[PDB]
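Structure, as structure tokens:
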Amino acid sequence: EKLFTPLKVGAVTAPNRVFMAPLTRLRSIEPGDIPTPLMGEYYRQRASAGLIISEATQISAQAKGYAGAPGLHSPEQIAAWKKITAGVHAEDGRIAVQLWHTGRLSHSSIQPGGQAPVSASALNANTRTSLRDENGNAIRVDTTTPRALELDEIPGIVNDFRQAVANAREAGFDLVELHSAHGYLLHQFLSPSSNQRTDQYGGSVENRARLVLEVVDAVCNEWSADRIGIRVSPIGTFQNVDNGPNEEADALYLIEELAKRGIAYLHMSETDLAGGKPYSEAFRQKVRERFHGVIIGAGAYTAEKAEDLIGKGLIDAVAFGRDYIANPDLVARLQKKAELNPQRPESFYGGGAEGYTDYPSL
Ligand SMILES: Cc1cc2nc3c(=O)[nH]c(=O)nc-3n(C[C@H](O)[C@H](O)[C@H](O)COP(=O)(O)O)c2cc1C
């Protein structure tokens with residue numbers, strides 16, 4: 001049973017291959033987008049994971065797209081995350097921070113100055129984000145049409161990722177995961193659907209990948225390549241952002257470039273919750289031969305599917321999302337073949353301890 005064997009993930013050694021996927025839970029304090037001791041307890045409960053990957057976390061105030069999502073840009077955010085990572089370490093866990101900029105998947109009412117959010121191009125996401133009502137409860141609101149970033153603004157985006165990585169290292173995270181998936185800002189540049197630019201950041205796949213590779217380079221230089229992972233969702237459609245008409249070839253180009261940086265891991269989000277066609281074995285093989293770090297697979301996995309693909313040498317670890325929401329001791333449950341707790345989806349987003357810290361261990 002390879003799932004319960006160790007794995008070196010860049011600078012860290014995970015004791016098992018059962019990872020906690022990044023899960024937005026929208027329970028942070030406003031004003032200030034501040035993580036809380038409740039969040040600290042939730043992560044501490046899950047510290048037996050081979051690796052915890054945190055909820056997506058803003059690199060800056062401009063990055064915010066969801067009310068209740070935390071940041072890693074302010075002194076008060078850094079101080080709060082320091083307590084959270086210390087708690088995970090006291091339980092012998094390891095924790096990466098997933099860092100995002102939401103780009104156009106946002107609303108003006110939560111942006112600095114109440115202005116339109118930014119993106120590769122001035123195209124509405126045509127979906128909804130989560131705000132809070134006057135009682136502090138989560139509500140789904142249509143996205144605001146973004147403004148296209150000017151060329152002279154792109155270095156500031158890269159610097160915001162760099163600074164957020166400095167902050168993450170200071171805050172005690174073991175690794176960083178760049179959120180280059182699911183229709184957020186980096187994916188908005190990668191995708192020809194959302195990126196209609198005609199400068200060096202749009203058009204060719206090389207230009208579409210330019211921003212994410214500049215970010216990768218900047219964060220590797222700020223910390224170390226063996227502390228950097230990246231999440232991609234490069235096959236299919238995620239939150240209305242497709243991967244264009246040459247999605248496999250474009251994915252392999254990006255993966256070959258990422259491999260050159262010697263980063264710690266590639267995390268592939270294979271499907272959204274509504275499902276879609278499975279990755280082909282041939283595509284998995286093409287990814288594996290191009291990337292020489294850890295590959296994490298995610299998206300409706302079972303322990304059996306994970307074991308199959310680990311045993312075939314195609315991936316190294318699996319990230320579970322909803323099963324980690326509901327099972328703090330998922331590792332022990334999978335190892336013992338125990339039943340899993342029933343999930344309560346109504347409390348995934350927003351609220352308090354109920355549906356968050358009240359799922360029991362075995
Ligand atoms: C409530 C919820 C929140 C999520 N938040 C994030 C997130 O912040 N970042 C991310 O990359 N994926 C996020 N996802 C996707 C999950 O990381 C995971 O890839 C997905 O849940 C599919 O896997 P599963 O079948 O194991 O749940 C979220 C999923 C759910 C259900």
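Identifiers in the structure tokens: chain A, B, ... in order shown; residue index from 1 per chain; ligand index from 1 in order shown.
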Q.
Using only C-alpha atoms and all ligand atoms, which residues of the polymer chains come no farther than 8 Å from ligand 1? I'd like the answer as number ranges by chain.
A. A: 21-25, 54-57, 98, 179, 181-182, 231, 269-273, 298-301, 319-324, 345, 348-349
Q: Identify, on the basis of only C-alpha atoms, every residue whose closest approach to residue A:288 does not exceed 12 Å; exclude the query and any residue fewer than 2 positions from it along the same chain; express the result as a list in words.
A: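 Close residues of residue A:288: residues 252, 255, 256, 259, 265, 266, 268, 281, 282, 283, 284, 285, 286, 290, 291, 292, 293, 294, 295, 296, 297, 309, 310, 312, 313, 314, 315 and 316 of chain A.
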Q. Neighbours of residue A:237 within 12 Å (only C-alpha atoms; same-chain residues fewer than 3 positions away dropped), as a PyMOL selection string?
A. chain A and resi 181-183+187-188+191+193-194+232-234+240-245+247+269-277
Select from stretch 224-333 of chain A every residue with an atom at most 9 Å from any atom of stretch 206-218 of chain A, then for each give the shortest pair of atoms and their distance in Å to one decimal, using only C-alpha atoms, rows by chain and rising number, as JSON lines.
```
{"residue": "A:225", "atom": "CA", "partner": "A:217", "partner_atom": "CA", "distance": 8.5}
{"residue": "A:228", "atom": "CA", "partner": "A:216", "partner_atom": "CA", "distance": 7.9}
{"residue": "A:229", "atom": "CA", "partner": "A:216", "partner_atom": "CA", "distance": 8.9}
{"residue": "A:230", "atom": "CA", "partner": "A:216", "partner_atom": "CA", "distance": 8.5}
{"residue": "A:250", "atom": "CA", "partner": "A:206", "partner_atom": "CA", "distance": 8.9}
{"residue": "A:253", "atom": "CA", "partner": "A:206", "partner_atom": "CA", "distance": 8.2}
{"residue": "A:254", "atom": "CA", "partner": "A:209", "partner_atom": "CA", "distance": 6.8}
{"residue": "A:257", "atom": "CA", "partner": "A:213", "partner_atom": "CA", "distance": 7.8}
{"residue": "A:258", "atom": "CA", "partner": "A:213", "partner_atom": "CA", "distance": 7.3}
{"residue": "A:261", "atom": "CA", "partner": "A:217", "partner_atom": "CA", "distance": 7.5}
{"residue": "A:263", "atom": "CA", "partner": "A:216", "partner_atom": "CA", "distance": 8.6}
```
Requested write-out: C-alpha atoms of the selected residues, as a short mmCIF file (atom, residue, chain, number, x, y, z; two decimals), in the first residue's frame:
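Dumped to out38.cif:
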```cif
data_model
loop_
_atom_site.label_atom_id
_atom_site.label_comp_id
_atom_site.auth_asym_id
_atom_site.auth_seq_id
_atom_site.Cartn_x
_atom_site.Cartn_y
_atom_site.Cartn_z
CA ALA A 225 12.69 26.18 -6.05
CA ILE A 228 7.48 26.07 -4.69
CA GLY A 229 4.57 24.08 -6.07
CA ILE A 230 1.97 25.04 -8.66
CA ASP A 250 -0.28 23.92 -24.41
CA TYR A 253 4.63 23.29 -23.07
CA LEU A 254 3.93 24.82 -19.66
CA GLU A 257 8.99 25.03 -18.81
CA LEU A 258 8.11 24.47 -15.16
CA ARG A 261 12.93 25.52 -12.75
CA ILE A 263 10.16 23.20 -8.55
#
```
Q. What lies within 8 Å of residue A:59 using only C-alpha atoms, ignoring chain neighbours under 5 positions off, as JSON, numbers by chain?
A. {"A": [71, 72, 73, 99, 100, 101, 160, 161, 163, 164]}
Q: Going by DSSP on the backbone, which bits of stretch 131-284 of chain A are helix (DSSP H, G or I)? Write them as number ranges by chain, please.
A: A: 151-171, 185-190, 205-208, 210-222, 225-227, 247-260, 281-284
Q. Of the residues A:87, A:114, A:143, A:78, which is the one nearest to residue A:126, using only C-alpha atoms?
A. A:143
Q | residue A:340 environment, 8 Å, only C-alpha atoms, sequence neighbours closer than 3 positions dropped, as a ChimeraX atom specification | A | /A:323,326-327,330,333
Next, write the just-selected residues to a file, as a PDB file, in the first residue's frame, keeping C-alpha atoms as the atom set.
```pdb
ATOM      1  CA  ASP A 323     -13.186  13.844   2.154  1.00  0.00           C
ATOM      2  CA  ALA A 326     -15.430  15.730   6.658  1.00  0.00           C
ATOM      3  CA  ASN A 327     -12.619  13.471   7.971  1.00  0.00           C
ATOM      4  CA  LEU A 330      -8.668  10.679   6.725  1.00  0.00           C
ATOM      5  CA  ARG A 333      -9.547   5.961   8.010  1.00  0.00           C
TER       6      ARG A 333
END
```
Q.
as a ChimeraX atom specification, please: the residues near residue A:106 (cut-off 12 Å, only C-alpha atoms, same-chain neighbours under 6 positions excluded).
A. /A:61-67,69,112,114-119,124-131,140-147,183-185
Q. Which residues in stretch 184-249 of chain A does DSSP call strand (DSSP E)? List them as a VMD selection string.
A. chain A and resid 228 to 232
Atoms kept (C-alpha atoms) for selection, written as an mmCIF file, in the first residue's frame:
```cif
data_model
loop_
_atom_site.group_PDB
_atom_site.id
_atom_site.type_symbol
_atom_site.label_atom_id
_atom_site.label_comp_id
_atom_site.auth_asym_id
_atom_site.auth_seq_id
_atom_site.Cartn_x
_atom_site.Cartn_y
_atom_site.Cartn_z
ATOM 1 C CA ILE A 228 7.476 26.072 -4.690
ATOM 2 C CA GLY A 229 4.575 24.077 -6.069
ATOM 3 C CA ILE A 230 1.974 25.039 -8.660
ATOM 4 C CA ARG A 231 -1.625 24.004 -9.149
ATOM 5 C CA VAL A 232 -2.922 23.802 -12.708
#
```
Q: Quick one: pull the distance between atom CA of residue A:35 and atom CA of residue A:76, Å, one decimal.
A: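 A separation of 8.9 Å between them.
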Q. Using only C-alpha atoms, which of A:149, A:154, A:303, A:90 sits nearest residue A:2?
A.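 That would be A:303, the residue with the smallest distance to residue A:2.
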Q. Taking only C-alpha atoms into account, which of A:350, A:58, A:356, A:317 comes nearest residue A:135?
A. A:350
Q: Would you list the contacts of residue A:223 as a list in words, taking every protein, DNA or RNA residue within 9 Å and counting only C-alpha atoms, but skipping same-chain residues closer than 6 positions in sequence?
A: residues 162, 165, 166 and 169 of chain A
Please, could you write that set of residues out with C-alpha atoms as a CSV table (one decimal), in the first residue's frame?
```csv
chain,number,residue,atom,x,y,z
A,162,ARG,CA,7.1,37.5,-4.6
A,165,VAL,CA,6.1,34.3,-0.7
A,166,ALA,CA,8.5,36.2,1.5
A,169,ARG,CA,8.2,31.9,4.6
```
